[PDB]
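Backbone-built Cβ (ideal geometry, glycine too); neighbour counts: all protein chains shown. Every number here is computed from the coordinates shown, using simple stated rules; none is lab data.
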Protein chains: 2
Amino acid sequence: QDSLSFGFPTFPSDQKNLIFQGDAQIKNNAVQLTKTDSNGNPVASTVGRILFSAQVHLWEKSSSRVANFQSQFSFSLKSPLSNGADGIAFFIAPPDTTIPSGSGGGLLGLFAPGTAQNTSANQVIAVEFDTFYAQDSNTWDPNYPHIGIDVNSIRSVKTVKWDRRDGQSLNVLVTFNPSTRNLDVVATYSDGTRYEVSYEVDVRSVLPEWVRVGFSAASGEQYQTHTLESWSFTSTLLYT
Amino acid sequence: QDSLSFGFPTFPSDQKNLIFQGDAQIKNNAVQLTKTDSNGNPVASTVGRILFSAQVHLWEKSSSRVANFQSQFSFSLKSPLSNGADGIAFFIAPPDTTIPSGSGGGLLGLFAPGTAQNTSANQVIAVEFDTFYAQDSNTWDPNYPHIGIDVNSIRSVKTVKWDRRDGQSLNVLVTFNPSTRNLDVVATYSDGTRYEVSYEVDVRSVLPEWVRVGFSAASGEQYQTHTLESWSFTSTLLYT
Ligand SMILES: [Ca+2]
Ligand SMILES: [Ca+2]
Ligand SMILES: [Ca+2]
Ligand SMILES: [Ca+2]
């Protein structure tokens, strides 16, 4: 289809169109990307991702069209530790994508250690909300929590300073305009605090014609819950 | 998801979210539900169907919500003869539905011979465009071409006289309002000729909470092409 849209105001336990990978599962009308014990407390060494089952037609070679898409979502992070890790990400990748071997911790369940920074060995665009930046392990990160745009590498093409707020929902709007090739990110907390970051990128040179979209999160030695609360997505092919 | 929408202005050969059953296939940017030869002419004894891969949440027991949906599509029928058969139908059924054994000809690929008229043995709602009504083989049909609404039986609960026009596309709008429980059908030819039929039905007592939607067509000894040209669908769970 040239156009596709779906909306999850909440996530009831009875799901049919989501692909669960790793430890991801539904609990209390929300998606818990990373594993939690019986008490709902976060645990270390966990990775999980979800993908919408229907494939999205991102671009079409034969007609020279590229999709205009928007993804609106909300999530919250919680941890008794002073340094919850590692972060959550909205991503776009090939339909057959699976959790790479050894992609836990700072790799956010998106990249393999051996090629995490080799832009030629990957096909993925992601918007990350990174809370762990230890300069001895995450050598590619700026020294502070941040929002980053990733294109085929864990070392973001760009980042902006962001504040982690335990237990507070962050609303995010990610949009892509094929005319200007701008990928825009706008995130806000309930008190009005706003964060914005933008990057120009031609998706045709990075991703195949058909892709799947979803979320990924992970925790290494340090941990926190990564709770996806709602998600709406729309995409339509346009002439460019 | 509480809401789902998709639109196929045309049908390119590169499809990823369609389930093909029987003889259905993409050809010339359209879906040919029934088999055709090399030159493009219809053949006898053929059945074919397509279904969208993502499941639709028709109703939810917990919240007591029922979906409001709309399906818009266009198709054309062509035959060297004048007695083209058997017809095409838009249908809604359980996700694992498959072509019943011996459902060719007048059963439109939707019902099995032994239970075609047993309402307690089926789970399907369909809107049929029936062009063949010979009383010896289709004992359940009125004696003239028609559009009908089928609820768990090949014997329509409501029908309206219709005119078959070889080679001309018919534009159709099917809508279901959970507030009134009315299933309305409006079909029109480019010159303005309009046909209408409706029926009150409680989808909750006929179909499961999650379903799949698609089209079916068949040709017995008499034949004609059943070409699906475009299709758009939208559904939203409402609190009525
Ligand atoms: Ca990090
Ligand atoms: Ca980072
Ligand atoms: Ca008939
Ligand atoms: Ca009939």
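Annotations
Residues checked against (1) farther than 22 Å from A:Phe52 by Cβ; (2) within 13 Å of chain A (Cβ to nearest Cβ):
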| site | (1), (2) |
| --- | --- |
| B:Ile50 | no, yes |
| B:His57 | no, yes |
| B:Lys61 | yes, yes |
| B:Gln70 | no, no |
| B:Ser74 | yes, no |
| B:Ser79 | yes, no |
| B:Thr98 | yes, no |
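- When the stretch A:134-161 is filtered for residues that are within 11 Å of ligand 2 (Cβ to nearest atom) and of a type in the set (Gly, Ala, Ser), the ones remaining, listed by number, are A:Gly148, A:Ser153, A:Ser156.
- Within the stretch B:31-60, tally of residues that are surrounded by fewer than 18 Cβ atoms within 10 Å (Cβ to Cβ) and either β-branched (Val, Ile, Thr) or within 19 Å of A:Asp2 (Cβ to Cβ) (or both): 2
- Near pairs, Cβ below 9 angstrom, 6+ apart or cross-chain, from the stretch A:156-177 (within 20 Å of A:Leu110 (Cα to Cα)) to any residue that is assigned to a loop (DSSP other than H, G, I, E, B) and of a type in the set (A, V, I, L, M): A:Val157/A:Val201
Okay, residues lined up against (1) part of a strand (DSSP E or B); (2) closer than 23 Å to B:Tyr195 by Cβ; (3) in contact (Cβ under 8 Å) with a residue 40 or more places away in the chain; (4) within 11 Å of ligand 3 (Cβ to nearest atom):
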site: B:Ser71; (1), (2), (3), (4): yes, yes, yes, no
site: B:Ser74; (1), (2), (3), (4): yes, yes, yes, no
site: B:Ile92; (1), (2), (3), (4): yes, yes, yes, no
site: B:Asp96; (1), (2), (3), (4): no, no, no, no
site: B:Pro100; (1), (2), (3), (4): no, no, no, no
site: B:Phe111; (1), (2), (3), (4): no, no, yes, no
site: B:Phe132; (1), (2), (3), (4): no, yes, yes, yes
site: B:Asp141; (1), (2), (3), (4): no, yes, no, yes
site: B:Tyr144; (1), (2), (3), (4): no, yes, no, yes
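- Of the residues making up the stretch A:211-228, those that are within 18 Å of the chain's Cα centre (by Cα) and of a type outside the set (S, T, N, Q) are A:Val211, A:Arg212, A:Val213, A:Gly214, A:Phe215, A:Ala217, A:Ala218, A:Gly220, A:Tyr223, A:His226, A:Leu228.
- Selection within the stretch B:195-240: residues that are without any contact (Cβ under 8 Å) to a residue 60 or more places away in the chain and more than 30 Å from B:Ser62 (Cβ to Cβ). The member of this set that is surrounded by the fewest Cβ atoms within 10 Å (Cβ to Cβ) is B:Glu196.
- Residue in the stretch B:181-194 that is buried (at least 20 other Cβ atoms within 10 Å of the Cβ), on the phi < 0 side of the Ramachandran plot and more than 16 Å from ligand 4 (Cβ to nearest atom) present: yes
- Scanning the stretch B:127-155 for residues that are within 10 Å of ligand 4 (Cβ to nearest atom), under 14 Å from B:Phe111 (Cβ atoms) and not acidic (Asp, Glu) returns B:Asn138, B:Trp140, B:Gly148, B:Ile154, B:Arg155.
Matching residues to (1) at positive phi; (2) within 14 Å of chain B (Cβ to nearest Cβ); (3) aromatic (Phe, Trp, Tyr):
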position	(1), (2), (3)
A:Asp2	no, yes, no
A:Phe11	no, yes, yes
A:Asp23	no, no, no
A:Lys27	no, no, no
A:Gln32	no, no, no
A:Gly40	yes, no, no
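- Residue check, B:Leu18 out of contact with any helix residue (DSSP H, G or I) (no Cβ under 7 Å at 6 or more places or on another chain), closer than 30 Å to A:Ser13 by Cβ and without any contact (Cβ under 8 Å) to a residue 40 or more places away in the chain: yes
- Residues of the stretch B:109-116 include at least one that is touching a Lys or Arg at 6+ places or on another chain (Cβ under 7 Å) and surrounded by 15 or more Cβ atoms within 10 Å (Cβ to Cβ).
- Hey, B:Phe6 under 27 Å from B:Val186 (Cα atoms), aromatic (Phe, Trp, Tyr) and within 11 Å of another protein chain (Cβ to nearest Cβ) or not: yes
- Residue selected from the stretch A:146-195 under the condition part of a strand (DSSP E or B) and among the acidic types (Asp, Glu), by the criterion farthest from A:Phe233 (Cα to Cα): A:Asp150
- Restricting the stretch B:5-30 to residues that are among the hydrophobic types (A, V, I, L, M, F, W, C) and under 19 Å from B:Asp96 (Cα atoms), the residue that is surrounded by the most Cβ atoms within 10 Å (Cβ to Cβ): B:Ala24
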